[PDB]
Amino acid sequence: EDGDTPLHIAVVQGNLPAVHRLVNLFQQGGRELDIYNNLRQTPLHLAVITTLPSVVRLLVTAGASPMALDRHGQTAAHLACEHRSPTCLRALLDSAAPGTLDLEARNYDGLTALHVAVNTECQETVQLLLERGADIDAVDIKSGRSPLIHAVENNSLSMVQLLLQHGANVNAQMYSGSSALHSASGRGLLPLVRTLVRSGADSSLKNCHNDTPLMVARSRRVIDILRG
């Protein structure tokens, strides 16, 4: 019955025993576990949102799909990252059947789980995604920016260091042809300029305006770093 979502309720109330009972009942009647409420959430979405790793494991092992989309096109993985929940992300990645979970999934905004994680600057979720195969250079359709460029624009030295550590292309360019270094240089983000240059950033790379990171240097201190 419409407005009847007993499994959704059991999840939000954190009642694992009830969830188990209901999962058994659903399976006996051929009912899908990926049933939507009026917010377009499945019970699995709710398990991640509530931060219940044990429930996530039960549901996924029982056949709930990690790829079912919510209202904003978020997969379970996307939701674990926006909720800064490494344990739920771990539960999902460990429980999913081989070949059923794709970390390159794009939400309606166009972002991967990695983009979302970097934006929260949660080091734990970023690390785990990267260890499990997430494409570190993936570019979302909206901005054409890699996670590294996102990190530089957010002025997060931690994320910049973490991504470079994991093999990120330091010379990736946006639609306009600007790189991470153009951004750091133009804004005078000294610690970032130092980190990018030592990691191999190309200071001669031209954008669509024909500008190089050297030409947009905000101050003499930046120029000094760029030139060594």
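Counting begins at 1, following the sequence as shown.
- As the entry records it, the average C-alpha temperature factor is higher for 183 to 191, out of 183 to 191 and 159 to 167.
- Comparing 17 to 25 with 213 to 221, the stretch with the higher mean C-alpha B-factor in the PDB entry is 213 to 221.
- Of all the options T61, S54, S178, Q41, the entry's greatest CA B-factor is assigned to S178.
- In this PDB entry, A97 carries a Cα temperature factor that places it within the highest third of its chain's modelled residues.
- In the deposited entry, the Cα temperature factor of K142 places it in the highest third of its chain's modelled residues.
- The deposited CA B-factor of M67 belongs to the middle third of values across its chain.
- Among the modelled residues of the chain, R31 sits in the highest third by CA temperature factor in this PDB entry.
- Ranked against the other modelled residues of its chain, the C-alpha B-factor of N107 as given in the entry falls in the lowest third.
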